[PDB]
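Below sits a lone chain in structure tokens, taken as the form deposited in one PDB entry.
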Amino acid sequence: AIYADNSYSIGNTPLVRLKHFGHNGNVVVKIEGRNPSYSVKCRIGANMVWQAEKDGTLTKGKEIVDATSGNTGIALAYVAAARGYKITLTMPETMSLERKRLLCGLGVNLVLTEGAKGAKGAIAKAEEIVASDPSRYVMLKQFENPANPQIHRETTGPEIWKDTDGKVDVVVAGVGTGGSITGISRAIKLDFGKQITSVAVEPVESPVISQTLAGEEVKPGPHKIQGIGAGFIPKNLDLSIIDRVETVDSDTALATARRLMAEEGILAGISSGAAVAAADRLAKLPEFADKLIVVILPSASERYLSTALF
């Protein structure tokens, strides 16, 4: 049919079988780059705004303010434009001019914080703006807002169930906010009732999930896998539903993304390479060689044309 604005067209992304990964086609990828603003975050940008409207914490008067240097900023931007909200985003000077030209193009009130301060500097300034007029500003908080995993439970998960005819055995997904793996796992394990293996993927350079579950010292670090590796356990990561954690290094993630392009003709971002590299590893263990493995590919290549990818 016909969507009443762009936010309602989220999802229904396709499953594509890989030929040069896995074993005899047991690895399939879900291309989340085919979304209204071309990442998985389109789903949570839409539903966090929808939920805040249904809750009344977001009205025609109110203005969105958030701290995000990634795909969630673009997602909130396209949704705020599609639905008539003013929006302010904060971020460090670190950001590529193209990501800033994109956000200004979408009409964001960009507020730039100190580069050396980083992500914490951005979230600090956003909270001060929200302190100015709490009745005027709404922060949606992707790391904590349950509307984030809820939309994956209502769309991403069921799409995977339907398109595989219940045959999905494994879901592999990088963890940023954690909403994707949390929502998908809850839908397939709890609503459809199938005991799959939920595999979280994190950078080996910042393996805080592996370290936490192992009761080891939590040592966050810098990495190049944009979209994952927050360096902490997000509230929207439901640890209780995670069966397995795979770590991937930045160079392997980048090499795997280039292989997806050159060998599969799939234009995937760098966190897409990390998730596929973790999936290939499981898929070549005899214990998974007959299982159907579904891998989330969060974003598209051209988000990364001027980065280490090319």
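Heads up: residue numbers just count along the shown sequence, starting at 1. Shifts are known only where both forms have a C-alpha. The term rigid core refers to the most C-alpha atoms you can superpose between the two forms while keeping them within 1.5 Å.
- In this entry, the higher average B-factor at the C-alpha atoms falls on 85-93, of the pair 85-93 and 155-163.
- Relative to its counterpart among 57-65 and 27-35, 57-65 has the higher mean temperature factor, C-alpha atoms as listed in the PDB entry.
- Considering 129, 184, 147, 140 together, the PDB entry gives 129 the largest C-alpha B factor.
- Between the residues 223, 219, 235, 194, it is 219 that shows the highest Cα B-factor in the PDB record.
- When the modelled residues of the chain are ordered by C-alpha B-factor, residue 206 sits in the middle third.
- Among all modelled residues in this chain, the alpha-carbon of residue 297 has a temperature factor (C-alpha) in the lowest third.
- Residue 227 sits in the middle third of its chain by CA B factor, as recorded in the PDB entry.
- Looking at the C-alpha B-factors along this chain, the one for residue 289 belongs to the highest third.
- For residue 265, the recorded CA temperature factor ranks within the lowest third of the chain's modelled residues.
Unshown form deposited in another entry; subsequent notes refer to it.
- No residue of 186, 86, 141, 100 other than 100 has its CA displaced by 2 Å or more between the shown form and the other one when the core is superposed.
- With the core held fixed between the shown form and the other one, residue 233 has its Cα displaced by under 2 Å.
- Taking 2 Å as the criterion, residue 113 counts as shifted between the shown form and the other one: its C-alpha moves by at least this amount when the rigid core is aligned.
- Every Cα shifting by 2 Å or more, across three or more consecutive residues, marks a moved region; comparing between the shown form and the other one on the rigid core, these regions are 90-101, 111-118, 121-125.
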